[PDB]
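Q: Could you work out the structure for the sequence below:
(chains A, B and C)
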Amino acid sequence: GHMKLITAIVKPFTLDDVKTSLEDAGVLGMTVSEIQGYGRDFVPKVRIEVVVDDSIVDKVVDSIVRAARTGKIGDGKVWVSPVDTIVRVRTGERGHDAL
Amino acid sequence: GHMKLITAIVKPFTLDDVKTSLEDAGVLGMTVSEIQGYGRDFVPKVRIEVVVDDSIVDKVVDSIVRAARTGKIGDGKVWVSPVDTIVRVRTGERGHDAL
Amino acid sequence: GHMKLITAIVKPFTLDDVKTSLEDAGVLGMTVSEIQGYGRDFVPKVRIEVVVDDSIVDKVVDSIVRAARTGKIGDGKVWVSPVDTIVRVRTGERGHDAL
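A: Numbers count the residues shown, from 1 in each chain, chains lettered A, B, ... in the order given. See below for the structure:
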């Protein structure tokens, strides 16, 4: 309903900076996956995902963008998509309790 | 329209159990990808995805959660997101025919 | 709003053909990830993602399907899902400027 997935495709060396920015803002539950995207033909990148309430989606996106920017080609993209429902596996908590 | 993507981020050793639970319930077409998430700092996890009709989304989510739960930290998350359209590559079947 | 994510799970040897089809049609920004799906039990596949305006989503899906088809089991799936917002990291461009 109010839940959003943020997907960031960014350079691998920006991971610590993005993670720090998320954790400092109390944004928990990030995952990271390997991915290939255009750069200086493909270069290795990382796919960072978090699920957040829409109240913070704008500032979280901006924080990721700021932390991942180098000003060079291949810096990547950040997009937002709807999440209908979310469940925390361990507890069975749903919605905002699962965040 | 009525189509949903289920994404489950779960511990790698739960894969067979989740797969069995899906296949027993006639939920076909699962994919698996490598992913890293918080656990006992990141631990290896797996990303399991299926596309289903919304008629079964709730019970499929619950079946995955039950199969992947250990009661320990890092058990992961399951979320649902909308799918506008789906096409089976081999046949060009769309919508419910592609499920 | 009008933005869509196309996700294609296809056989790895079709990557060049899909990439060529996308680039020839001026569809930029594709990413590729490793994935496992059903085939001749799992076989290696690739996950190809692009973000496009909904004006071209149908023809882009069809172009990917045509390029990835072999007529054999395991050819994969292509699905479409909504994208609320997108930002190009390097520039901070949003929406259609980030495409």
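Q: Following the helix or strand hosting residue A:47 in sequence, what is the next regular element?
A: For residue A:47, the host element (DSSP states H and E) is strand A:42-53. Going down the chain from strand A:42-53, the next helix or strand is helix A:57-68, by DSSP H and E.
Q: Who are the packing partners of that next one?
A: strand A:3-10, helix A:15-24, strand A:42-53, strand A:77-83, strand C:85-88 (3 or more CB pairs under 8 Å, 6 or more residues apart in numbering or on different chains; DSSP states H and E). C-beta: built from backbone N, CA, C; applies to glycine.
Q: To residue C:11, which of these lies closest?
A: Distance to residue C:11, taken as CB to CB, is lowest for strand A:42-53 among the helices and strands packed on helix A:57-68, at 17.9 Å.
Q: who's in contact with residue A:19?
A: If you count contacts by CB atoms under 8 Å, 6 or more residues apart in numbering or on different chains, residue A:19 has them with residue A:30.
Q: how far away is it from residue C:87?
A: 19 Å (CB to CB, to the nearest Å).
Q: Residue A:10 and residue A:18 touch, don't they?
A: Yes - using CB atoms under 8 Å, residue A:10 is in contact with residue A:18, at 6.5 Å.
Q: Give me the common contacts of the two.
A: Shared contacts of residue A:10 and residue A:18, counting by CB under 8 Å, 6+ apart, come down to A:48, A:64, A:68.
Q: What is the nearest of the residues you listed to residue C:5?
A: When these are compared against residue C:5 (criterion: CB to CB), the nearest one is residue A:48, at 15.9 Å.
Q: OK, contacts around the closest one?
A: By CB under 8 Å, 6+ apart, the neighbours of residue A:48 are A:7, A:8, A:9, A:10, A:15, A:18, A:30, A:31, A:32, A:64.
Q: Can you tell me how far the fifth one is from residue C:37?
A: Separation of residue A:15 from residue C:37 (CB to CB) stands at 27 Å.
Q: Pick the most deeply packed of the helices and strands packed on helix A:57-68.
A: strand A:3-10 (a mean of 24; mean count of other CB atoms under 10 Å in any protein chain shown).
Q: That one pairs with which strands?
A: Applying DSSP bridges, strand A:3-10 is found paired with strand A:42-53 (antiparallel), strand A:77-83 (antiparallel).
Q: just to revisit the earlier point, distance to residue C:58 added to the shared contacts of residue A:10 and residue A:18, as TSV?
A: Output for the shared contacts of residue A:10 and residue A:18, formatted as TSV (distance: CB to CB, whole Å):
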residue	distance to residue C:58
A:48	30
A:64	31
A:68	32
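Q: Report the beta-bridge partner residues of the most centrally placed residue in chain A.
A: A centroid search over chain A (CA atoms, centre = their mean) returns residue A:49, at 3.6 Å, as the residue closest to the centre. Residue A:49 forms beta bridges with residue A:7, residue A:31, as assigned by DSSP bridges.
Q: That one contacts residue A:9, doesn't it?
A: No - applying CB under 8 Å, one finds residue A:49 not in contact with residue A:9, separated by 10.2 Å.
Q: what sits up against stretch A:55-65?
A: Contacts of stretch A:55-65 (CB under 8 Å, 6+ apart): A:2, A:4, A:6, A:8, A:10, A:18, A:21-22, A:25, A:27, A:48, A:50, A:52, A:78, A:80, C:85, C:87, C:89, C:92.
Q: For that stretch, what is the distance to the chain centroid?
A: 9 Å (CA atoms, centre = their mean, to the nearest Å).
Q: for stretch A:38-58, same thing?
A: 5 Å.
Q: how long is that stretch end to end?
A: 25 Å (CA to CA, to the nearest Å).
Q: what do you get for stretch A:2-15?
A: Terminal-residue distance, stretch A:2-15 (CA to CA): 27 Å.
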